[PDB]
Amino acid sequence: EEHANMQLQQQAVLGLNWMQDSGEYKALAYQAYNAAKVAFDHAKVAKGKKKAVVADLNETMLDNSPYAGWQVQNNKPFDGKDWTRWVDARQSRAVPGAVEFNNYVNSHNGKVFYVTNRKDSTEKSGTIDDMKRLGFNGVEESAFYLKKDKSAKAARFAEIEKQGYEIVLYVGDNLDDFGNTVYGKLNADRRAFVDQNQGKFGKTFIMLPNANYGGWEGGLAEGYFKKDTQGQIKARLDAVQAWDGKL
């Protein structure tokens, strides 16, 4: 149904306005990257280890909001085939503060590795071209751990550690950018993970804001991503906590 597709995407409009237009979103990005620099500078690693920073790309270092905008304007729910075309369009922007932090790490005895679920086989060329144009240093192919078979990221973090690096901090907009412990889990377990790690945020886990999509969307209901459009609309509306209007 086209009506359902329209309602689903209309539900993203206000958060998209916030991410695209507000100074507040920019301030949060700068806040995150300012905190990240402090954590990096403070970090000490084991003897023999090299300092690594792990960074997610989409909505962490790369700004894909125009794809979301296209979804809104065309009543288009997410489709990986449309996403691939977006990547190939080479119109990605940079999240504020990301290039500076990236380049600072790489010039101060660290290395940023990009652990990202952009696809290695079909989305790598556009990703690298955009990042070069955007001013990121260190974007040789060896810095990238793009998605091959698995969306969960922990195995790639381990690959990095096997190369002689100690990861001093992680940057992301999705809790699954910090490990696998709540990958595919509902929001109750994900909030619990955050509580169990309260002191790490702004130190070793650096958060960027993303009100448009993510593991929290799937976390709204068991089997959310398997539901049809109407089912997803209902899951979102059912998750809403509302005042009863009484005193």
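Quick note: we count residues from 1 along the sequence shown, nothing fancier.
J.: Comparing average C-alpha B factors as deposited, tell me which of 183-191 and 200-208 sits higher.
T.: Per the PDB entry, the higher value belongs to 183-191.
J.: If you average the CA temperature factors as listed in the entry, which stretch comes out higher, 88-96 or 75-83?
T.: The recorded data point to 75-83.
J.: Highest recorded C-alpha temperature factor, please, choosing from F101, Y165, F136, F157.
T.: Top of the list by C-alpha B-factor: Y165.
J.: Could you say which of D63, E222, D56, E217 has its CA atom at the highest B factor, as listed in the PDB entry?
T.: Highest CA B-factor of the listed options: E222.
J.: Sorting by Cα B-factor within the chain, modelled residues only, which third would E24 end up in: lowest, middle or highest?
T.: Lowest third, going by the recorded CA B-factors of the chain.
J.: For the chain shown, is the CA B-factor of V45 in the lowest, middle or highest third of its modelled residues?
T.: Tercile = highest for this residue's CA B-factor.
J.: Considering every modelled residue of the chain and its Cα B-factor in the PDB entry, is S151 in the lowest, middle or highest third?
T.: As the PDB entry reports it, the C-alpha B-factor of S151 lands in the highest third of its chain.
J.: For the chain shown, is the CA B-factor of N174 in the lowest, middle or highest third of its modelled residues?
T.: For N174, whose C-alpha B-factor we compare with every modelled residue in the chain, the answer is the lowest third.
J.: Splitting the chain's C-alpha B-factors into thirds, which one does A235 fall into?
T.: Its C-alpha B-factor belongs to the highest third of this chain's values.
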